[PDB]
Each structure stands twice: as structure tokens, then as C-alpha cells.
There are 2 protein chains.
Amino acid sequence: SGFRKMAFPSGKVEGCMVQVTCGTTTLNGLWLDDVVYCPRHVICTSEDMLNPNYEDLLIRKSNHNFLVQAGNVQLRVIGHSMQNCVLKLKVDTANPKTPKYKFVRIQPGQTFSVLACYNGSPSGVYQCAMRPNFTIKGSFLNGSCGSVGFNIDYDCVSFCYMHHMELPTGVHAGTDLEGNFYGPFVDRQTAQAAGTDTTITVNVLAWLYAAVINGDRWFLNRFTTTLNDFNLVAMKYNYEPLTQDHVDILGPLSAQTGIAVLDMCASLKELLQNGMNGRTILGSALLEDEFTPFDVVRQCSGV
Amino acid sequence: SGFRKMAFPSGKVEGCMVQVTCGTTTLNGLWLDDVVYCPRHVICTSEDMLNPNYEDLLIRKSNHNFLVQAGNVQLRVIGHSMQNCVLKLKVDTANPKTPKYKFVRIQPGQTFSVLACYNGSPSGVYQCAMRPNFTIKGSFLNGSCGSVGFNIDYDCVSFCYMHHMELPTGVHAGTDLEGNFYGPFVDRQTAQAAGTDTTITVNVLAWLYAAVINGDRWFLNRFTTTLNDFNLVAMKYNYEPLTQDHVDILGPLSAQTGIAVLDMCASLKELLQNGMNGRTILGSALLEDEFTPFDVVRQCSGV
Ligand SMILES: *[C@](O)(C(=O)NC1CC1)[C@H](C[C@@H]1CCNC1=O)NC(=O)[C@H](CC(C)C)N1C[C@@H](NC(=O)OCc2cc(F)cc(F)c2)CCC1=O
Ligand SMILES: *[C@](O)(C(=O)NC1CC1)[C@H](C[C@@H]1CCNC1=O)NC(=O)[C@H](CC(C)C)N1C[C@@H](NC(=O)OCc2cc(F)cc(F)c2)CCC1=O
């Protein structure tokens with residue numbers, strides 16, 4: 001039946017993207033009700049970026065210094081504040097397309113859709129994971145800042161991510177919609193370290209289950225293992241330690257397949273220890289960790 | 001900056017999806033102006049599927065036998081015809097959300113976004129290639145039939161694909177919107193062969209260029225090659241033969257990188273002959289052929 005990297009439909013979020021301009025800097029804003037959210041570094045100059053005092057930079061700016069463009073229509077800014085690393089622009093006009101929405105801080109290992117935007121126009125949509133080190137493996141060029149990540153909950157959009165920066169590793173960092181960075185990152189042009197990039201173990205198990213449901217079951221061995229024994233081998237390969245919570249989350253996938261979580265851990269252990277010998281699992285020659293159990297169920301149940 | 005499998009924004013296509021029901025069969029329709037398009041096998045019973053005479057099956061049906069539901073509203077069917085393997089239902093109400101659109105037959109090697117739908121509700125969106133053997137590597141469960149593939153041309157939606165069937169290989173087949181199958185497939189439950197699944201060579205070169213633009217350039221060797229010499233090695237590995245058209249399409253990527261197409265062919269030759277030695281290119285341990293040159297430029301230029 002197939003297994004694919006799948007984003008949520010983007011339409012509800014498309015009608016929320018606007019253009020925000022301050023001096024020479026143009027980027028993306030999120031227009032919900034009568035508030036527009038964007039990265040505060042919209043106020044920064046080329047050289048301000050080395051060590052900006054946002055409080056002093058923001059103080060030289062008034063309502064009329066912000067150009068907020070929905071399509072071809074200019075909105076009137078009647079208020080501004082800084083919340084952490086986001087600028088909230090109060091506007092005269094409530095977005096008539098505002099969907100039912102929430103702001104959530106996502107946890108590491110969870111996935112969301114990114115609607116990649118330039119000049120407040122939606123460009124494309126792809127799925128990302130908040131990696132254990134609070135980075136994402138995105139596709140973000142000059143102009144993409146203010147692009148948002150989100151989940152759809154039948155009708156309700158859960159915004160979880162706003163894009164701010166690229167790290168030397170070719171990897172991306174940003175905030176929740178209250179403007180708190182995921183991870184230790186700051187919005188300034190300085191040397192910044194993402195930690196060691198550990199693998200989301202529960203996600204790899206979900207993906208090996210997806211493989212089995214789709215008839216790909218060569219990597220299944222005659223062995224079994226224990227939490228402590230598997231987790232000794234995880235540690236060696238920079239895998240997140242598997243917990244009983246993780247085992248319980250996988251139970252619907254165990255139940256559907258008839259393969260005990262611990263039997264799947266044994267298979268994973270030998271793949272980690274032996275490699276794949278030029279063989280592939282769901283069209284990949286490496287172990288994929290950017291699918292959650294929910295993602296696997298959703299796609300293998302048809303939500 | 002990153003390189004990712006990216007779909008078009010789906011919103012324009014979301015407002016075009018309806019539910020089509022005939023007897024016990026429910027699937028997806030495309031509502032454009034006052035016409036609804038869907039797979040003709042909507043009229044089929046469990047056993048009709050072995051060898052259906054669609055003409056005779058369609059003759060036992062009237063306008064009122066078709067239930068077309070846009071959200072919670074029933075549309076009135078005032079006409080029906082069969083065009084090849086699609087049913088066109090004429091409806092009283094023109095879709096008020098009809099975008100500027102075209103129907104195109106895509107060529108093999110070109111890519112499109114699939115909006116995976118169940119019960120006329122959009123589920124998710126992912127990018128596919130029409131493979132040389134006229135199959136796609138999708139994610140399609142019971143209920144997905146009538147889901148469409150499309151390109152966006154600034155404002156104009158180019159619908160190219162409607163989903164009909166799964167092949168034994170776990171691989172998918174369907175029609176253009178005039179109801180002509182891509183490839184030799186027929187809408188009946190019989191043993192059907194996709195041909196040998198050849199690699200789209202121009203796409204792999206585009207992807208090796210994308211790798212280089214994103215700073216991943218280990219697979220570059222000190223050698224060069226000729227069309228005829230590379231194409232002798234392509235043949236061995238079931239790669240599409242590279243033509244001077246293919247070379248010309250890649251020129252903007254050559255020009256931006258300073259790497260001659262033929263120098264990139266030499267790199268590809270040694271990867272095909274030597275493998276990757278457990279190394280990765282853009283996070284893949286195999287050679288990716290589902291990105292076109294346009295896709296690479298679009299993502300590496302920010303369209
Ligand atoms: C957005 O602000 C944006 O799109 N702005 C509109 C173009 C005006 C961009 C998005 C980046 C740009 C390229 N691809 C992206 O995702 N972000 C920034 O400009 C960041 C602003 C900071 C204040 C957060 N920014 C500035 C630079 N930071 C830097 O040099 O850090 C040290 C560094 C980083 C690195 F990756 C390698 C190094 F060796 C050193 C550049 C990176 C960045 O994201
Ligand atoms: C749609 O019609 C659909 O979603 N219908 C709504 C559920 C009522 C489905 C989509 C398929 C179903 C599972 N995943 C899909 O993508 N298509 C069909 O039902 C096809 C109808 C035919 C008339 C085209 N269909 C029927 C079966 N065909 C078959 O058995 O062919 C021989 C075969 C195929 C195979 F893959 C392996 C074999 F060993 C033999 C099943 C497959 C199919 O797509």
C-alpha cells in the first residue's frame with residue numbers, strides 16, 4: 001500500500017501567511033485574529049546581527065515602521081510588543097480566514113508540517129521532526145524566516161514552530177509561537193552548537209513496524225532481547241534510550257502485526273551491529289527516525 | 001540550506017475534493033465548474049471487478065444513482081458520461097472554489113504533488129514521479145481512489161493524475177483527467193505487469209547537483225567521460241539513456257555550480273560501479289531519482 005513522508009494539507013495555514021517589512025528586511029508573518037506574529041530580527045540591520053540589543057532596536061521603531069501586506073492589501077498596525085524572540089503586531093483587521101487554532105510547544109521526536117514561504121506566499125510543504133537536539137532538517141533559503149510548522153487536529157491547527165535561522169551543519173532552528181527557541185539557540189550571528197544529533201529510537205521502531213505492515217520483513221531475526229540489553233546497544237549508536245512509555249506507545253503496532261516490541265528491538269540491534277548489506281527498507285538504505293508511531297498508525301489506518 | 005522532498009501547497013485543490021457514492025462504493029471526485037470527475041469503477045461490485053463491461057454496468061445507472069457530497073451538502077447530478085476510465089457527473093452547482101486549472105498528460109520522469117483523500121476529505125500531501133514504467137511510489141489505502149496529482153503554475157493548477165489501483169509490487173497506477181491510464185494498465189482485477197523499473201538518469205544528476213550546491217561534494221572524482229561511455233554504464237544499471245536534451249536541461253545547474261554535466265556523469269559512473277561505502281548524499285544512502293532539474297532549481301532558487 002506504500003509508506004511516504006506526508007505533510008498535512010496546508011490550505012488553512014496558507015490564508016494566514018502575510019508579508020512583514022521593517023526598513024530593508026522582508027519576511028513572513030502569521031496573521032491570526034487581529035495579531036500578526038513574526039521573528040523580532042525583522043528590525044535588525046546586516047551589522048546589528050552580530051550583537052543586537054532588541055529592546056533598544058525596537059525603541060527606535062513605531063507602529064507605522066511595520067509594513068504588513070496580506071496579498072495586495074496593506075494592514076494598519078495599531079500596536080506592537082516583543083514576546084521573547086517574536087514580534088506581535090496588533091492590526092485593525094481580524095483575519096477573516098483565521099482557522100480554529102492553538103499554540104503548542106512540541107516535544108523532541110514529534111513531527112509537524114512546514115509550509116515554506118517567501119514574501120508571504122506559500123512555496124511548498126514538507127514533514128520535519130523536532131530532533132532530540134532541538135534542530136530540524138529543513139529546506140530554508142533567504143526569505144523563509146517566519147515560515148511556520150503545524151499539526152491539524154481534524155479542524156484545529158496546532159502551530160508549533162516559526163523559522164529563524166540556519167546552523168553551520170546545514171540544519172535549522174526556530175521558536176514556538178510565544179517566541180521561545182527550541183534548544184539553546186539565540187537570534188544573533190555567532191558560533192552556536194547543536195549538541196550530538198541522537199536518533200529517535202521509538203520512531204525507528206515505528207518505521208520497522210510500517211515496513212512489516214507493508215510486507216518488508218527480511219530484517220526480522222530469530223532472536224529477542226531485554227530493554228537494558230537493547231539500551232546498552234542504543235547508547236553505543238547515539239540512539240535515545242527506550243522506556244516502558246515508548247513500549248506502550250508502540251502497542252497498537254505490536255497488536256496489529258503480532259510482533260512483540262522486544263522482538264523488533266532484537267532486529268534493530270542486528271541492523272545497528274551488521275548494517276543493511278546494500279538492502280533497503282521502505283525504499284531507504286538507512287534507518288529512518290522522522291516517523292512517529294501516530295504518523296505510522298495515521299498512514300497505516302488512513303486518518 | 002537543505003534539500004527536501006517538497007509538495008505544492010494543497011489549498012486550491014482541497015476545495016475541489018468531493019465524495020462520490022454509487023451503491024456501496026464510496027470514493028473521491030474532483031469538482032471543477034459544473035462537472036465532477038471520478039474513477040468509473042465506482043459503479044462496480046466486488047465480483048464485477050474480475051471482468052467488468054463498464055458500458056453495460058453504466059446502462060443500469062441513472063443521474064439519481066450518484067451521490068455527490070461536498071462537505072455536508074448534496075449536489076444534484078443532472079447528467080453523466082464515461083470518458084475512457086473516468087466518469088464525468090454534470091451537477092446543477094458550479095464549484096465556487098474552482099481555481100484557474102488545466103488538464104495535462106505528464107511525461108515520465110516529471111513530478112507532481114498527490115493530495116491523498118478519504119471520503120472526499122484531504123488527508124495528506126506528498127511528491128511523486130511518474131516513473132519510466134508509468135507507475136508511482138505512493139501511499140494509498142482503501143478509499144483513496146479519485147485522489148489527484150497536480151502542479152501549481154503561480155496561480156494555475158495543472159491536474160495530471162487520478163488514482164485508480166495498487167500493483168502487486170506495492171506500487172500505484174491511475175489516469176490523466178481524460179481517463180487515459182498512464183502505462184498499459186486496465187481497471188479490472190487481473191494479473192498486470194509494470195515493466196522493468198528504470199532509473200530517471202537526468203533526475204539523479206539534478207540531485208547530485210543539489211548535493212554540490214548544499215556543500216556535499218565527496219563523490220566528485222578527478223575523471224570525466226563521454227555520453228556514449230556513460231550510457232554504456234547506464235544500460236548495465238537500468239538507467240534511462242542520457243541525451244543532449246537532458247544535458248541542456250541541466251545547464252542552469254552546471255552554470256551555477258561550475259561542474260560540466262559530463263564531469264558529473266563520471267562521478268555517477270563510479271558511484272554506480274563502486275557503491276557509496278556506507279556514506280550518504282543529502283541524508284540518503286542511495287541515489288535519488290524523484291527530483292527533476294526544475295524541482296532542484298525551484299528549491300535551490302526559492303520559487
Ligand atoms: C531569515 O532571517 C530570513 O529568511 N530573512 C529574510 C532574507 C531577509 C534567515 C533564514 C536563513 C538564511 C539563509 N537560510 C535560512 O534559513 N535567517 C537569518 O538570517 C539568521 C539571522 C540571525 C539573527 C538568527 N541567520 C544569520 C546568519 N547567522 C550566522 O552567521 O551564525 C554563525 C554561523 C552560522 C552557520 F550556519 C555557519 C557558520 F560557520 C557560522 C546566517 C545564518 C542565519 O540563519
Ligand atoms: C480504490 O478503488 C478505492 O480506494 N476504492 C474505495 C474503497 C472503496 C482502490 C485503491 C487501492 C485499494 C487498496 N490500496 C489502493 O490503492 N483501488 C481498487 O480497488 C482497484 C480496483 C480495480 C478495478 C482497478 N484494485 C482491485 C484489486 N485488483 C487486483 O487484485 O489486481 C490483481 C493483483 C494486484 C496486486 F496488487 C497483487 C496481486 F497479486 C494481484 C486490488 C488492487 C486494486 O488497486
# chains A, B, ... in the order shown; residues from 1 in each chain; ligands from 1
>>> residues_near_ligand(ligand="ligand 1", cutoff="6 Å", atoms="only C-alpha atoms and all ligand atoms", output="count of residues only")
22
>>> closest_atom_pairs(of="chain A", to="ligand 2", cutoff="12 Å", atoms="only C-alpha atoms and all ligand atoms", output="JSON lines")
{"residue": "A:1", "atom": "CA", "partner": "ligand 2", "partner_atom_place_in_ligand_line": "14 (N)", "distance": 5.3}
{"residue": "A:2", "atom": "CA", "partner": "ligand 2", "partner_atom_place_in_ligand_line": "14 (N)", "distance": 8.5}
{"residue": "A:3", "atom": "CA", "partner": "ligand 2", "partner_atom_place_in_ligand_line": "14 (N)", "distance": 11.6}
{"residue": "A:214", "atom": "CA", "partner": "ligand 2", "partner_atom_place_in_ligand_line": "14 (N)", "distance": 11.2}
{"residue": "A:299", "atom": "CA", "partner": "ligand 2", "partner_atom_place_in_ligand_line": "14 (N)", "distance": 11.8}
{"residue": "A:300", "atom": "CA", "partner": "ligand 2", "partner_atom_place_in_ligand_line": "14 (N)", "distance": 10.9}
{"residue": "A:301", "atom": "CA", "partner": "ligand 2", "partner_atom_place_in_ligand_line": "14 (N)", "distance": 11.6}
{"residue": "A:302", "atom": "CA", "partner": "ligand 2", "partner_atom_place_in_ligand_line": "14 (N)", "distance": 10.5}
>>> write_last_selection(atoms="C-alpha atoms", output="short mmCIF file (atom, residue, chain, number, x, y, z; two decimals), in the first residue's frame")
data_model
loop_
_atom_site.label_atom_id
_atom_site.label_comp_id
_atom_site.auth_asym_id
_atom_site.auth_seq_id
_atom_site.Cartn_x
_atom_site.Cartn_y
_atom_site.Cartn_z
CA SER A 1 0.00 0.00 0.00
CA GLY A 2 3.02 2.26 0.44
CA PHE A 3 4.68 4.41 3.09
CA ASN A 214 3.82 -3.15 4.06
CA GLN A 299 -0.87 6.43 7.40
CA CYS A 300 -1.42 2.65 8.07
CA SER A 301 -5.07 3.37 9.29
CA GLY A 302 -5.94 6.17 6.74
#
>>> closest_atom_pairs(of="chain B", to="chain A", cutoff="7 Å", atoms="only C-alpha atoms", output="CSV")
residue,atom,partner,partner_atom,distance
B:1,CA,A:170,CA,5.4
B:2,CA,A:139,CA,4.2
B:3,CA,A:139,CA,5.2
B:4,CA,A:139,CA,5.9
B:5,CA,A:126,CA,6.7
B:6,CA,A:126,CA,5.1
B:7,CA,A:125,CA,5.3
B:8,CA,A:124,CA,4.7
B:9,CA,A:124,CA,5.3
B:10,CA,A:10,CA,5.8
B:11,CA,A:11,CA,3.6
B:122,CA,A:9,CA,6.6
B:123,CA,A:303,CA,6.4
B:124,CA,A:8,CA,4.7
B:125,CA,A:7,CA,5.3
B:126,CA,A:6,CA,5.1
B:137,CA,A:2,CA,6.9
B:138,CA,A:2,CA,5.6
B:139,CA,A:2,CA,4.2
B:140,CA,A:1,CA,5.6
B:141,CA,A:1,CA,6.1
B:166,CA,A:1,CA,6.9
B:170,CA,A:1,CA,5.4
B:285,CA,A:285,CA,5.1
B:286,CA,A:285,CA,6.2
B:302,CA,A:141,CA,6.5
B:303,CA,A:123,CA,6.4
>>> select_by_dssp(residues="range 184-256 of chain A", states="helix (DSSP H, G or I)", output="PyMOL selection string")
chain A and resi 201-213+227-236+244-249+251-256
>>> residues_around(residues="residue 212 in chain A", least_positions_apart="3", cutoff="10 Å", atoms="only C-alpha atoms", output="count of residues only")
15
>>> residues_around(residues="range 68-79 of chain A", least_positions_apart="6", cutoff="9 Å", atoms="only C-alpha atoms", output="PyMOL selection string")
chain A and resi 15-21+29+31+36+62+88-93+120-121
>>> write_last_selection(atoms="N, CA, C and O atoms", output="PDB file, in the first residue's frame")
ATOM      1  N   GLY A  15      -3.939  30.757   4.125  1.00  0.00           N
ATOM      2  CA  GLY A  15      -4.701  32.012   4.296  1.00  0.00           C
ATOM      3  C   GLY A  15      -4.254  32.840   5.500  1.00  0.00           C
ATOM      4  O   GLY A  15      -4.843  33.927   5.707  1.00  0.00           O
ATOM      5  N   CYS A  16      -3.270  32.360   6.277  1.00  0.00           N
ATOM      6  CA  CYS A  16      -2.742  33.024   7.491  1.00  0.00           C
ATOM      7  C   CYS A  16      -1.377  33.668   7.256  1.00  0.00           C
ATOM      8  O   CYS A  16      -0.915  34.368   8.169  1.00  0.00           O
ATOM      9  N   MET A  17      -0.756  33.445   6.101  1.00  0.00           N
ATOM     10  CA  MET A  17       0.611  33.943   5.821  1.00  0.00           C
ATOM     11  C   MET A  17       0.488  35.361   5.259  1.00  0.00           C
ATOM     12  O   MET A  17      -0.316  35.561   4.335  1.00  0.00           O
ATOM     13  N   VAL A  18       1.253  36.304   5.806  1.00  0.00           N
ATOM     14  CA  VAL A  18       1.354  37.699   5.283  1.00  0.00           C
ATOM     15  C   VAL A  18       2.833  38.039   5.132  1.00  0.00           C
ATOM     16  O   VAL A  18       3.698  37.238   5.552  1.00  0.00           O
ATOM     17  N   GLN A  19       3.104  39.187   4.539  1.00  0.00           N
ATOM     18  CA  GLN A  19       4.465  39.746   4.403  1.00  0.00           C
ATOM     19  C   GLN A  19       4.632  40.820   5.479  1.00  0.00           C
ATOM     20  O   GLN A  19       3.669  41.623   5.692  1.00  0.00           O
ATOM     21  N   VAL A  20       5.782  40.794   6.158  1.00  0.00           N
ATOM     22  CA  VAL A  20       6.191  41.809   7.172  1.00  0.00           C
ATOM     23  C   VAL A  20       7.497  42.438   6.696  1.00  0.00           C
ATOM     24  O   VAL A  20       8.437  41.684   6.349  1.00  0.00           O
ATOM     25  N   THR A  21       7.517  43.771   6.654  1.00  0.00           N
ATOM     26  CA  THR A  21       8.664  44.598   6.199  1.00  0.00           C
ATOM     27  C   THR A  21       8.933  45.683   7.251  1.00  0.00           C
ATOM     28  O   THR A  21       7.985  46.331   7.720  1.00  0.00           O
ATOM     29  N   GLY A  29       4.957  36.651   8.166  1.00  0.00           N
ATOM     30  CA  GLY A  29       4.195  36.750   9.419  1.00  0.00           C
ATOM     31  C   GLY A  29       3.010  35.803   9.388  1.00  0.00           C
ATOM     32  O   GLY A  29       2.569  35.445   8.285  1.00  0.00           O
ATOM     33  N   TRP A  31      -0.838  35.697  10.477  1.00  0.00           N
ATOM     34  CA  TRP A  31      -1.976  36.602  10.771  1.00  0.00           C
ATOM     35  C   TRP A  31      -3.139  35.773  11.296  1.00  0.00           C
ATOM     36  O   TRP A  31      -3.767  35.069  10.479  1.00  0.00           O
ATOM     37  N   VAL A  36      -0.475  39.813  14.267  1.00  0.00           N
ATOM     38  CA  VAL A  36       0.496  39.233  13.291  1.00  0.00           C
ATOM     39  C   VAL A  36       1.771  38.879  14.050  1.00  0.00           C
ATOM     40  O   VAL A  36       2.355  39.795  14.668  1.00  0.00           O
ATOM     41  N   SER A  62       8.225  52.661  15.541  1.00  0.00           N
ATOM     42  CA  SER A  62       6.786  52.893  15.848  1.00  0.00           C
ATOM     43  C   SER A  62       5.902  51.968  14.991  1.00  0.00           C
ATOM     44  O   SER A  62       6.424  51.315  14.057  1.00  0.00           O
ATOM     45  N   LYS A  88       4.854  40.686  18.061  1.00  0.00           N
ATOM     46  CA  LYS A  88       3.382  40.682  17.870  1.00  0.00           C
ATOM     47  C   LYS A  88       2.942  42.072  17.416  1.00  0.00           C
ATOM     48  O   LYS A  88       3.004  43.016  18.227  1.00  0.00           O
ATOM     49  N   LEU A  89       2.507  42.182  16.167  1.00  0.00           N
ATOM     50  CA  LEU A  89       1.932  43.412  15.580  1.00  0.00           C
ATOM     51  C   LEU A  89       0.410  43.349  15.706  1.00  0.00           C
ATOM     52  O   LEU A  89      -0.181  42.471  15.059  1.00  0.00           O
ATOM     53  N   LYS A  90      -0.196  44.254  16.486  1.00  0.00           N
ATOM     54  CA  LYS A  90      -1.669  44.377  16.551  1.00  0.00           C
ATOM     55  C   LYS A  90      -2.107  45.138  15.301  1.00  0.00           C
ATOM     56  O   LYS A  90      -1.487  46.177  15.012  1.00  0.00           O
ATOM     57  N   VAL A  91      -3.125  44.618  14.605  1.00  0.00           N
ATOM     58  CA  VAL A  91      -3.650  45.170  13.322  1.00  0.00           C
ATOM     59  C   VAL A  91      -5.139  45.492  13.502  1.00  0.00           C
ATOM     60  O   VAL A  91      -5.777  44.930  14.424  1.00  0.00           O
ATOM     61  N   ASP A  92      -5.651  46.402  12.676  1.00  0.00           N
ATOM     62  CA  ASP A  92      -7.044  46.928  12.741  1.00  0.00           C
ATOM     63  C   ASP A  92      -8.034  45.844  12.299  1.00  0.00           C
ATOM     64  O   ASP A  92      -9.148  45.811  12.846  1.00  0.00           O
ATOM     65  N   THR A  93      -7.615  44.995  11.353  1.00  0.00           N
ATOM     66  CA  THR A  93      -8.428  43.968  10.647  1.00  0.00           C
ATOM     67  C   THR A  93      -8.139  42.577  11.225  1.00  0.00           C
ATOM     68  O   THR A  93      -6.955  42.156  11.187  1.00  0.00           O
ATOM     69  N   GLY A 120       5.612  36.137   1.974  1.00  0.00           N
ATOM     70  CA  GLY A 120       4.254  35.868   2.480  1.00  0.00           C
ATOM     71  C   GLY A 120       3.434  34.984   1.556  1.00  0.00           C
ATOM     72  O   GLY A 120       2.214  34.805   1.864  1.00  0.00           O
ATOM     73  N   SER A 121       4.046  34.433   0.495  1.00  0.00           N
ATOM     74  CA  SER A 121       3.423  33.457  -0.434  1.00  0.00           C
ATOM     75  C   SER A 121       3.904  32.032  -0.153  1.00  0.00           C
ATOM     76  O   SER A 121       5.088  31.726  -0.311  1.00  0.00           O
TER      77      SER A 121
END
>>> residues_around(residues="residue 161 in chain A", least_positions_apart="6", cutoff="8 Å", atoms="only C-alpha atoms", output="list in words")
residues 148, 149, 150, 174, 175, 176 and 177 of chain A
>>> write_last_selection(atoms="C-alpha atoms", output="CSV table (one decimal), in the first residue's frame")
chain,number,residue,atom,x,y,z
A,148,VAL,CA,5.6,28.0,10.4
A,149,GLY,CA,5.3,24.4,11.4
A,150,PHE,CA,1.9,23.0,12.4
A,174,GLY,CA,13.4,28.5,15.4
A,175,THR,CA,10.8,29.2,18.2
A,176,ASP,CA,7.3,28.2,19.3
A,177,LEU,CA,4.7,30.9,18.6
